[PDB]
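Have a look at the structure below, then the notes.
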Amino acid sequence: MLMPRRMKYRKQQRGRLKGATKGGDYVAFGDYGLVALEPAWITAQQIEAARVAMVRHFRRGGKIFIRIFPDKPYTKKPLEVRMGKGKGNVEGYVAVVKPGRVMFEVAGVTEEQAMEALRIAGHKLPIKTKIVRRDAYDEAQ
Amino acid sequence: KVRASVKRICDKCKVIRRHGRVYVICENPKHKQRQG
Amino acid sequence: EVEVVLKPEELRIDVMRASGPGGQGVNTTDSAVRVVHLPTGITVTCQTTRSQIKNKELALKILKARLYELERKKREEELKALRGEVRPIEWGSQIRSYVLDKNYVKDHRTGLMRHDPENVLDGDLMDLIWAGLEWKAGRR
Amino acid sequence: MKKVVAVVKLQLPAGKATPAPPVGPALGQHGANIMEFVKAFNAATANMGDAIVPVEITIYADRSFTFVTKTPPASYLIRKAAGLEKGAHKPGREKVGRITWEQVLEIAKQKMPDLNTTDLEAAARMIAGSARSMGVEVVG
Amino acid sequence: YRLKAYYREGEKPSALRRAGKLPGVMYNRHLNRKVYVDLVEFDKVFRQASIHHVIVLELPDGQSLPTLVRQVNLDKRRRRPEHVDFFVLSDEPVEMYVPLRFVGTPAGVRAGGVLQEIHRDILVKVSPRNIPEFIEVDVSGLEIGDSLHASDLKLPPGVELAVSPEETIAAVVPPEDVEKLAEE
RNA sequence: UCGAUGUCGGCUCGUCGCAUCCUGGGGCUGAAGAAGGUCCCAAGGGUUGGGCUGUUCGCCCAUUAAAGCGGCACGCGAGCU
RNA sequence: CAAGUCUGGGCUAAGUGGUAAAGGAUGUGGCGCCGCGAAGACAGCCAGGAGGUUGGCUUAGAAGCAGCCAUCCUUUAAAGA
Ligand SMILES: [Mg+2]
Ligand SMILES: [Mg+2]
Ligand SMILES: [Mg+2]
Ligand SMILES: [Mg+2]
Ligand SMILES: [Mg+2]
Ligand SMILES: [Mg+2]
Ligand SMILES: [Mg+2]
Ligand SMILES: [Mg+2]
Ligand SMILES: [Mg+2]
Ligand SMILES: [Mg+2]
Ligand SMILES: [Mg+2]
Ligand SMILES: [Mg+2]
Ligand SMILES: [Mg+2]
Ligand SMILES: [Mg+2]
Ligand SMILES: [Mg+2]
Ligand SMILES: [Mg+2]
Ligand SMILES: [Mg+2]
Ligand SMILES: [Zn+2]
């Protein structure tokens with residue numbers, strides 16, 4: 001799928017989502033990027049679906065950069081079970097995304113293909129997106 | 001025909017807006033749409 | 001391969017009221033469930049437990065079974081006519097007759113009668129198959 | 001290319017042509033015959049040599065036609081200079097052929113007519129494009 | 001290029017930035033002042049420009065100064081700048097990542113491949129009078145797999161960089177083949 | 001609500017919703033016609049009799065224009081069973 | 001239903017106000033910088049609307065028009081593998 005090979009701990013506390021991405025806000029790799037506008041937990045099955053959606057779109061073409069990674073475990077109790085008796089079992093992993101985060105990047109692809117590409121990938125994401133270019137996104141120094 | 005996301009299919013498709021509703025007129029029928 | 005993914009795309013799952021004992025709830029809960037397979041006509045039921053969700057999956061855990069058996073019963077009849085029919089082994093049904101006595105081979109299918117039997121038993125078969133790939137694929 | 005409302009443009013074989021395989025009947029759907037374009041046709045192909053003869057047709061609905069012969073397609077004439085038979089399943093930078101500088105002016109003595117330009121160099125740079133079509137290299 | 005600049009008295013940061021003026025500070029190895037330079041021209045210029053080409057800064061003193069931007073902090077949510085750092089100059093030798101053009105066609109573009117110009121704006125140590133432009137590199141030799149890098153390039157006389165030279169400047173990698181799927 | 005709010009199914013009596021099974025209107029159709037498919041508008045009124053099982057539900061017989069799905073304390077025991 | 005059908009400036013035409021999301025839309029009103037406007041198409045209206053070549057390959061066929069690949073050049077007023 002797209003989980004981590006090993007982890008010191010298998011289940012971990014839920015947490016929260018205070019706006020601002022902290023990091024990952026500029027392009028820095030490809031030419032066009034997809035930036036998250038709402039905060040959320042993106043399941044690896046979505047990251048995946050979106051990715052495949054792009055390669056599928058411009059089959060045999062440019063390069064894709066997945067800027068996020070699902071390292072946070074998702075717990076879910078069984079069905080018809082009551083509360084308590086311990087924490088649920090891990091059902092998958094998710095990457096936490098905050099507003100401003102550049103989730104994906106593309107390169108070696110026409111500006112038409114780039115747009116269309118990311119527009120399809122955002123239709124697989126639980127949130128709202130924005131497509132970007134490159135310019136001040138040059139924190140080289 | 002009747003959907004929530006109505007768009008222009010072919011080049012000849014036109015987006016009319018009559019009686020409060022968003023429609024799509026076009027040469028060939030199969031392309032007709034009424035948002036709803 | 002070995003696969004059979006019966007997607008819950010052709011199943012009709014019902015949930016009637018429990019039957020038998022129970023209590024103030026056997027009359028109230030839709031425990032009993034019934035999964036139906038339409039392209040076959042097979043139906044599996046279940047009231048073993050006291051929960052619909054533990055019964056529709058446990059009732060599916062069977063339809064998977066019976067099917068793999070009746071979906072395989074075919075692989076037994078569908079492959080038993082692809083092979084052919086000739087195989088009685090009785091006296092009077094030989095494709096080729098081998099003889100070390102007078103020493104010769106009698107291809108009964110062609111009409112040819114080689115004289116090198118001992119030679120054939122070494123793999124030399126280009127020629128009987130040369131004629132065999134004719135008599136056989138010559139009627140179709 | 002000629003006139004319309006009853007025409008067809010093909011690139012006939014060379015040497016023999018009467019049956020139906022290549023295009024023998026295709027010209028008959030739009031109006032044609034078997035005794036008008038077979039022997040009373042190869043008068044030109046017997047002259048053009050062999051290989052391909054981009055000669056076409058024009059129907060009138062009475063067994064008449066304007067058999068305006070043409071010069072081998074720049075697609076074929078290039079396989080002679082380089083050598084290859086096809087060209088390439090896919091052109092680009094790799095191709096099973098080669099064509100030096102004046103190699104393209106070898107055809108300069110061939111294609112001079114209907115290209116558009118009478119000269120050899122203002123009409124050869126056109127075939128340098130068929131060297132980016134089939135693939136065929138351009139030694140230099 | 002050129003651009004107007006004004007002096008900031010140090011009053012209502014977040015406000016002077018809403019009114020339309022973009023905040024900032026100009027410093028160097030001597031003095032350092034606080035100023036405000038509107039988005040209008042700033043934007044327009046900064047994008048064409050960047051942090052490669054120098055700019056003028058005529059204040060109410062006229063005092064036009066040569067500078068290159070060192071720091072430009074965005075706004076995270078919804079791209080926008082909130083600040084900019086200006087490094088004044090002279091004949092004083094300093095650094096700056098110099099633009100990169102890559103005239104050529106890698107052999108990595110015939111059977112599948114695209115150029116990943118890794119460090120497409122290389123940092124080099126050098127003075128003002130020594131400020132080039134499109135510092136091109138050759139790509140006509142980049143095979144599909146294996147790819148160029150380091151400071152193995154055309155550094156015009158005076159180009160005393162600061163790489164390794166190993167710092168992978170660029171590379172060519174394969175496409176996105178439909179052929180995938182898996183599991184197990 | 002435990003100083004009590006009788007619990008499945010049936011019968012009787014209905015009434016309401018529409019996400020419509022008929023019947024009326026209608027647009028697409030890979031609509032020749034006849035017959036269908038799919039979506040749109042529309043409950044005004046209709047929406048069968050049996051075999052099996054306590055059954056609800058189902059399967060089956062014989063029909064039908066159709067044999068719609070749900071709510072009402074999975075409607076209705078100071079109405080019956 | 002006690003006290004302004006008070007004053008000045010905007011917006012909305014949905015009874016929005018007087019519930020809802022992805023996502024749709026030449027709804028409106030207002031700021032933006034780009035096209036490019038007597039080489040006066042912005043829309044109609046008049047003529048064009050080319051040649052190697054049907055590009056090669058693939059293939060029953062692939063002739064701009066399944067698809068893989070390449071996307072250079074010739075002639076003018078214009079014209080794309
Ligand atoms: Mg950093
Ligand atoms: Mg008991
Ligand atoms: Mg209950
Ligand atoms: Mg009680
Ligand atoms: Mg009481
Ligand atoms: Mg009722
Ligand atoms: Mg009809
Ligand atoms: Mg309705
Ligand atoms: Mg219940
Ligand atoms: Mg009841
Ligand atoms: Mg009673
Ligand atoms: Mg009562
Ligand atoms: Mg009053
Ligand atoms: Mg008033
Ligand atoms: Mg609304
Ligand atoms: Mg909305
Ligand atoms: Mg919206
Ligand atoms: Zn249309």
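Scheme for the structure tokens: letters A, B, ... for chains in order shown; per-chain residue numbers from 1; ligand numbers from 1 in order shown.
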
May I have the residues of chain G within 12 Å of chain A, counting only C-alpha atoms (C1' of nucleotides), written as a PDB file with N, CA and C atoms (P, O5', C5', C4', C3', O3' and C1' of nucleotides), in the first residue's frame?
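Once everything was written out, this is selection.pdb:
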ATOM      1  P     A G  21     -22.989  23.975   2.434  1.00  0.00           P
ATOM      2  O5'   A G  21     -22.111  22.706   2.044  1.00  0.00           O
ATOM      3  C5'   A G  21     -21.049  22.262   2.911  1.00  0.00           C
ATOM      4  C4'   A G  21     -20.360  21.051   2.329  1.00  0.00           C
ATOM      5  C3'   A G  21     -19.981  21.152   0.861  1.00  0.00           C
ATOM      6  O3'   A G  21     -18.764  21.875   0.649  1.00  0.00           O
ATOM      7  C1'   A G  21     -21.073  19.097   1.248  1.00  0.00           C
ATOM      8  P     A G  22     -18.440  22.495  -0.811  1.00  0.00           P
ATOM      9  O5'   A G  22     -17.799  21.264  -1.586  1.00  0.00           O
ATOM     10  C5'   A G  22     -16.722  20.526  -0.994  1.00  0.00           C
ATOM     11  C4'   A G  22     -16.568  19.184  -1.660  1.00  0.00           C
ATOM     12  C3'   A G  22     -16.359  19.208  -3.165  1.00  0.00           C
ATOM     13  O3'   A G  22     -14.993  19.417  -3.484  1.00  0.00           O
ATOM     14  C1'   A G  22     -18.027  17.630  -2.630  1.00  0.00           C
ATOM     15  P     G G  23     -14.556  20.736  -4.296  1.00  0.00           P
ATOM     16  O5'   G G  23     -15.292  20.583  -5.702  1.00  0.00           O
ATOM     17  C5'   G G  23     -15.319  19.314  -6.373  1.00  0.00           C
ATOM     18  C4'   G G  23     -16.585  19.154  -7.184  1.00  0.00           C
ATOM     19  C3'   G G  23     -16.863  20.202  -8.242  1.00  0.00           C
ATOM     20  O3'   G G  23     -16.081  19.953  -9.395  1.00  0.00           O
ATOM     21  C1'   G G  23     -18.859  19.735  -7.058  1.00  0.00           C
ATOM     22  P     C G  68      -1.213   6.093 -28.311  1.00  0.00           P
ATOM     23  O5'   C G  68       0.050   5.355 -28.945  1.00  0.00           O
ATOM     24  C5'   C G  68       0.698   4.270 -28.251  1.00  0.00           C
ATOM     25  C4'   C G  68       1.997   3.910 -28.932  1.00  0.00           C
ATOM     26  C3'   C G  68       2.934   5.072 -29.228  1.00  0.00           C
ATOM     27  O3'   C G  68       3.744   5.399 -28.099  1.00  0.00           O
ATOM     28  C1'   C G  68       2.736   3.681 -31.144  1.00  0.00           C
TER      29        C G  68
END

Find the residues near residue 90 (chain D): any atom within 9 Å, counting only C-alpha atoms (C1' of nucleotides), skip ones fewer than 4 places away on the same chain, and give them as a VMD selection string. (chain D and resid 94 to 95 133 to 135) or (chain G and resid 56 to 57 68 to 70)

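Residues of protein or nucleic acid lying within 8 Å of ligand 7, counting only C-alpha atoms (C1' of nucleotides) and all ligand atoms, are residues 31, 33, 34 and 35 of chain F.
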
Non-local contacts of residue 55 (chain F) (10 Å; only C-alpha atoms (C1' of nucleotides); under 6 positions in same chain excluded) as number ranges by chain: C: 16-19; F: 8-10

Prev. selection, N, CA, C and O atoms (P, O5', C5', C4', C3', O3' and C1' of nucleotides), output as a PDB file, in the first residue's frame:
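Generated file (part-v2.pdb):
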ATOM      1  N   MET C  16     -34.663 -11.371   7.979  1.00  0.00           N
ATOM      2  CA  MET C  16     -35.931 -11.672   8.636  1.00  0.00           C
ATOM      3  C   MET C  16     -35.764 -11.773  10.158  1.00  0.00           C
ATOM      4  O   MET C  16     -34.651 -11.732  10.681  1.00  0.00           O
ATOM      5  N   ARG C  17     -36.877 -11.901  10.870  1.00  0.00           N
ATOM      6  CA  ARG C  17     -36.814 -12.006  12.316  1.00  0.00           C
ATOM      7  C   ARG C  17     -36.431 -13.401  12.738  1.00  0.00           C
ATOM      8  O   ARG C  17     -36.861 -14.387  12.138  1.00  0.00           O
ATOM      9  N   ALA C  18     -35.618 -13.472  13.784  1.00  0.00           N
ATOM     10  CA  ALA C  18     -35.150 -14.743  14.304  1.00  0.00           C
ATOM     11  C   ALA C  18     -36.275 -15.765  14.425  1.00  0.00           C
ATOM     12  O   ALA C  18     -37.456 -15.411  14.508  1.00  0.00           O
ATOM     13  N   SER C  19     -35.890 -17.037  14.418  1.00  0.00           N
ATOM     14  CA  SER C  19     -36.831 -18.141  14.530  1.00  0.00           C
ATOM     15  C   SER C  19     -36.388 -19.006  15.704  1.00  0.00           C
ATOM     16  O   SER C  19     -35.217 -18.990  16.076  1.00  0.00           O
TER      17      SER C  19
ATOM     18  P     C F   8     -44.607  -6.896  19.073  1.00  0.00           P
ATOM     19  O5'   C F   8     -44.100  -8.182  18.283  1.00  0.00           O
ATOM     20  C5'   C F   8     -42.734  -8.298  17.843  1.00  0.00           C
ATOM     21  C4'   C F   8     -42.579  -9.520  16.982  1.00  0.00           C
ATOM     22  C3'   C F   8     -43.562  -9.592  15.834  1.00  0.00           C
ATOM     23  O3'   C F   8     -43.155  -8.843  14.707  1.00  0.00           O
ATOM     24  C1'   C F   8     -43.548 -11.658  16.993  1.00  0.00           C
ATOM     25  P     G F   9     -44.281  -8.195  13.764  1.00  0.00           P
ATOM     26  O5'   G F   9     -45.145  -9.445  13.277  1.00  0.00           O
ATOM     27  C5'   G F   9     -44.572 -10.399  12.383  1.00  0.00           C
ATOM     28  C4'   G F   9     -45.499 -11.552  12.167  1.00  0.00           C
ATOM     29  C3'   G F   9     -46.910 -11.234  11.732  1.00  0.00           C
ATOM     30  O3'   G F   9     -47.020 -10.944  10.355  1.00  0.00           O
ATOM     31  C1'   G F   9     -46.967 -12.876  13.429  1.00  0.00           C
ATOM     32  P     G F  10     -48.196  -9.960   9.843  1.00  0.00           P
ATOM     33  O5'   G F  10     -49.542 -10.781  10.043  1.00  0.00           O
ATOM     34  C5'   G F  10     -49.699 -12.073   9.480  1.00  0.00           C
ATOM     35  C4'   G F  10     -50.934 -12.740  10.033  1.00  0.00           C
ATOM     36  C3'   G F  10     -52.241 -11.995   9.842  1.00  0.00           C
ATOM     37  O3'   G F  10     -52.782 -12.156   8.541  1.00  0.00           O
ATOM     38  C1'   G F  10     -52.121 -12.779  12.066  1.00  0.00           C
TER      39        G F  10
END

List as number ranges by chain the protein and nucleic acid residues lying within 10 Å of ligand 14, with only C-alpha atoms (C1' of nucleotides) and all ligand atoms counted. G: 4-7

Hey, can you spit out that residue selection with N, CA and C atoms (P, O5', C5', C4', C3', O3' and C1' of nucleotides) as a PDB file, in the first residue's frame?
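So again-v6.pdb came out as:
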ATOM      1  P     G G   4     -40.758  56.165  18.730  1.00  0.00           P
ATOM      2  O5'   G G   4     -40.145  55.310  17.543  1.00  0.00           O
ATOM      3  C5'   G G   4     -38.737  55.266  17.334  1.00  0.00           C
ATOM      4  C4'   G G   4     -38.413  55.848  15.989  1.00  0.00           C
ATOM      5  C3'   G G   4     -39.071  55.118  14.830  1.00  0.00           C
ATOM      6  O3'   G G   4     -39.364  56.079  13.809  1.00  0.00           O
ATOM      7  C1'   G G   4     -36.724  55.045  14.585  1.00  0.00           C
ATOM      8  P     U G   5     -40.892  56.460  13.465  1.00  0.00           P
ATOM      9  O5'   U G   5     -41.049  56.033  11.936  1.00  0.00           O
ATOM     10  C5'   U G   5     -41.621  54.761  11.563  1.00  0.00           C
ATOM     11  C4'   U G   5     -40.770  54.098  10.505  1.00  0.00           C
ATOM     12  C3'   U G   5     -40.682  54.825   9.171  1.00  0.00           C
ATOM     13  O3'   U G   5     -39.370  54.654   8.657  1.00  0.00           O
ATOM     14  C1'   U G   5     -41.482  52.637   8.816  1.00  0.00           C
ATOM     15  P     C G   6     -38.622  55.892   7.979  1.00  0.00           P
ATOM     16  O5'   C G   6     -38.364  56.862   9.206  1.00  0.00           O
ATOM     17  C5'   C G   6     -37.613  56.411  10.337  1.00  0.00           C
ATOM     18  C4'   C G   6     -36.574  57.438  10.699  1.00  0.00           C
ATOM     19  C3'   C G   6     -35.449  57.630   9.691  1.00  0.00           C
ATOM     20  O3'   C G   6     -35.824  58.490   8.613  1.00  0.00           O
ATOM     21  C1'   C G   6     -34.549  57.446  11.869  1.00  0.00           C
ATOM     22  P     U G   7     -35.171  58.273   7.154  1.00  0.00           P
ATOM     23  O5'   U G   7     -33.681  58.807   7.339  1.00  0.00           O
ATOM     24  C5'   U G   7     -33.439  60.160   7.772  1.00  0.00           C
ATOM     25  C4'   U G   7     -31.955  60.434   7.879  1.00  0.00           C
ATOM     26  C3'   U G   7     -31.098  59.919   6.744  1.00  0.00           C
ATOM     27  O3'   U G   7     -31.168  60.765   5.613  1.00  0.00           O
ATOM     28  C1'   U G   7     -30.043  59.459   8.816  1.00  0.00           C
TER      29        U G   7
END

With 10 Å as the limit and counting only C-alpha atoms, what residues in chain E lie close to chain D? Please list them as a list in words.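 Going by the stated atoms only, the list reads residues 107, 109, 110 and 111 of chain E.
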
Skip residue 28 (chain B) itself and residues of its chain fewer than 3 positions away, then list as a list in words all residues within 12 Å of it, counting only C-alpha atoms (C1' of nucleotides). residues 9, 10, 11, 12, 13, 14, 24, 25, 31, 32 and 33 of chain B; 28 of chain F

Counting only C-alpha atoms (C1' of nucleotides) and all ligand atoms, name the residues that have an atom within 9 Å of an atom of ligand 8; the answer should be given as a ChimeraX atom specification. /F:18-20,40-42

Grab the CA of residue 81 (chain C) to CA of residue 129 (chain C) distance for me, in Å with one decimal place.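 Pair CA of residue 81 (chain C) / CA of residue 129 (chain C) returns 22.3 Å.
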
Write as a list in words the residues around ligand 2, taking 9 Å as the cut-off and counting only C-alpha atoms (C1' of nucleotides) and all ligand atoms.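 Answer in the requested format: residues 21, 22 and 23 of chain C.
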
Selection to disk with C-alpha atoms, as a compact mmCIF listing (two decimals), in the first residue's frame:
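What landed in out24.txt:
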# COMPACT_ATOMS: atom_id res chain seq x y z
CA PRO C 21 -36.36 -19.45 21.03
CA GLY C 22 -34.98 -16.08 22.02
CA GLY C 23 -36.85 -13.66 24.26

Measure the distance from CA of residue 99 (chain E) to CA of residue 121 (chain E) in Å and round it to one decimal. 4.6 Å

Dump as a list in words the residues of chain E that approach chain A to within 6 Å, counting only C-alpha atoms.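 Residues of chain E within 6 Å of chain A, counting only C-alpha atoms: residues 47, 76, 77, 114, 175, 176, 177 and 178 of chain E.
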